[PDB]
Amino acid sequence: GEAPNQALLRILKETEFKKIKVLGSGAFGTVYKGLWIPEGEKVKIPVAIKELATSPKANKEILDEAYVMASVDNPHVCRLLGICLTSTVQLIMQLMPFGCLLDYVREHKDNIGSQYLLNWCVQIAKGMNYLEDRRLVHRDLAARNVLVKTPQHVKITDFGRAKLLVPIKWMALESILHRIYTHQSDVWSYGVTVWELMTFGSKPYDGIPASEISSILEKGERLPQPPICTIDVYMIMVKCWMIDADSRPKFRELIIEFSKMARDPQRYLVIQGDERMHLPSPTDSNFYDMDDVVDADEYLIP
Ligand SMILES: CC(C)n1cc(C(=O)NC2CCOCC2)c2cnc(Nc3ccnc(-c4cnn(S(=O)(=O)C5CC5)c4)n3)cc21
């Protein structure tokens, strides 16, 4: 019926990698910064180590996440490097040194221009289109779940809820009412993600309890038009929030729409001091022991 999943699950020795410091902690668990020094391979790979107490239910959930994360392979999606089998199972992933996109847009607002915002939209749509090709429904797309490798390269992560074909404020109305999840319900969440970027990290429907959201959507209320957004960009966000799921754009169409806009960004987003803004590039001073350091994107198979 469905094709065999021949993805390799790499088991990494505790001795092969080190924790440096905690990068973040919360409901999602705890994520540490680290260095992976494999075999006699003469490489140092910057890594992120995730662990969501030693309980069998936690280990079951993180292995479900590992299953999905080891099965993906796209430049705009985060792949699992391996797992470490300690009392609590750890996920070994690529270090995304600029953290999540949500915090990034709040912290770097004054230096984020139309080109960056539109390019991020294309990249998120590319990653989501890839997950659709792989018949995977994310079920938790949000700006918090998009990580920043460099300011010009973002990837989708957090496969903890991903399934083959509760964040109410990012959910499609069918998802809230009937628990119906599809690629088109992911498109709704994509629209909310775009709204989060265009508002430089605003909280969707702020102050409104999650219990009131379904009723607000049924009345026909939607997230407001962000100040920087032209009707062209807002109309796209609005189509992602249509009641009829089949009336919403497809990720392949969102790639096209945002790409055309990305060719003339100042026509589609109005930002004071645009094009005069600067963000860190891998061609800048002190962007990167240093010797033998290889990014995970350049470290292919053992
Ligand atoms: C706490 C997290 C968001 N974090 C903060 C980082 C970091 O470097 N932060 C610094 C940024 C610059 O300022 C100082 C902190 C950082 C760097 N690299 C990764 N690496 C990956 C790669 C692939 N997947 C994941 C992953 C999967 N699930 N989750 S999660 O459960 O945490 C999800 C809800 C968000 C993360 N992490 C995660 C990182």
Side-chain angles (χ1 to χ4, degrees), residues 7 10 12 17-36 44-52 58-59 61-84 88-109 111-112 120 123-124 127-128 130-131 136 138-162 166-167 169-170 189 192-193 196-197 201 203 279-280 282 284 286-288 293-299:
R10 190 164 180 171
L12 312 169
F17 67 90
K18 60 173 265 264
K19 285 187 184 82
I20 296 159
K21 51 179 141 194
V22 171
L23 291 171
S25 200
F28 59 87
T30 170
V31 181
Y32 308 87
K33 191 207 193 299
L35 258 192
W36 176 33
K44 296 180 172 77
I45 306 127
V47 294
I49 308 154
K50 196 194 176 166
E51 51 180 24
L52 47 96
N59 277 328
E61 293 190 347
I62 208 159
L63 287 167
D64 281 338
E65 180 167 343
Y67 180 92
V68 184
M69 213 183 170
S71 304
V72 296
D73 183 33
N74 183 273
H76 295 114
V77 165
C78 287
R79 189 193 150 262
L80 187 77
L81 306 183
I83 60 169
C84 182
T88 58
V89 171
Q90 304 172 105
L91 298 195
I92 295 95
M93 319 162 299
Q94 181 186 24
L95 182 73
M96 303 296 278
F98 294 86
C100 72
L101 199 43
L102 180 67
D103 298 336
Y104 191 84
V105 299
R106 293 167 171 179
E107 284 158 33
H108 295 98
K109 167 164 55 270
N111 280 289
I112 294 159
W120 292 334
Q123 292 179 23
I124 303 151
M128 287 313 295
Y130 168 77
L131 297 174
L136 283 174
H138 192 286
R139 301 180 59 239
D140 197 15
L141 178 56
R144 67 185 172 266
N145 292 333
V146 179
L147 306 184
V148 192
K149 175 184 170 181
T150 68
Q152 39 279 321
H153 191 168
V154 300
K155 299 183 194 192
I156 296 148
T157 199
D158 202 335
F159 295 104
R161 281 167 51 84
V166 175
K169 284 167 180 191
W170 283 264
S189 309
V192 187
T193 308
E196 287 183 278
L197 305 186
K203 291 166 181 184
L279 293 169
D284 292 0
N286 293 276
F287 185 90
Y288 299 118
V293 169
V294 183
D295 186 274
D297 288 333
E298 286 79 57
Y299 184 72

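Here, residue 1 is the first one in the sequence, and each next residue gets the next number. In listed order, ligands and their atoms are each counted from 1. Keep in mind that the numbers below use all heavy atoms, side chains included, and drop hydrogens, waters and symmetry copies.
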- With the threshold set at 4.0 Å, does a side-chain nitrogen-carboxylate oxygen contact exist between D158 and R144? no
- Just say parallel, tilted or perpendicular for the rings of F287 and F98, cut-offs at 30° and 60°. tilted
- Is it true that the NZ or CZ of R139 lies under 6.0 Å from the centre of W170's six-membered ring and within 45 degrees of the ring axis? no
- Check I112, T193, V146 against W120 for a side-chain contact (heavy atoms from CB on, under 4.5 Å) and give me the one that passes. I112
- Task: State, to 0.1 Å, how close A143 and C100 come at their nearest heavy-atom pair, and which atoms those are.
- Result: O-CB, 4.2 Å
N/O pairs closer than 3.5 Å, ligand 1 and protein:
from, atom 1, to, atom 2, distance (Å)
ligand 1, 18 (N), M96, N, 3.0
ligand 1, 18 (N), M96, O, 3.4
ligand 1, 20 (N), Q94, O, 2.9
ligand 1, 24 (N), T157, OG1, 2.7
ligand 1, 28 (N), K50, NZ, 3.1
ligand 1, 31 (O), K50, NZ, 3.0

- Flag side-chain contact, heavy atom, 4.5 Å: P75 against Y130: no
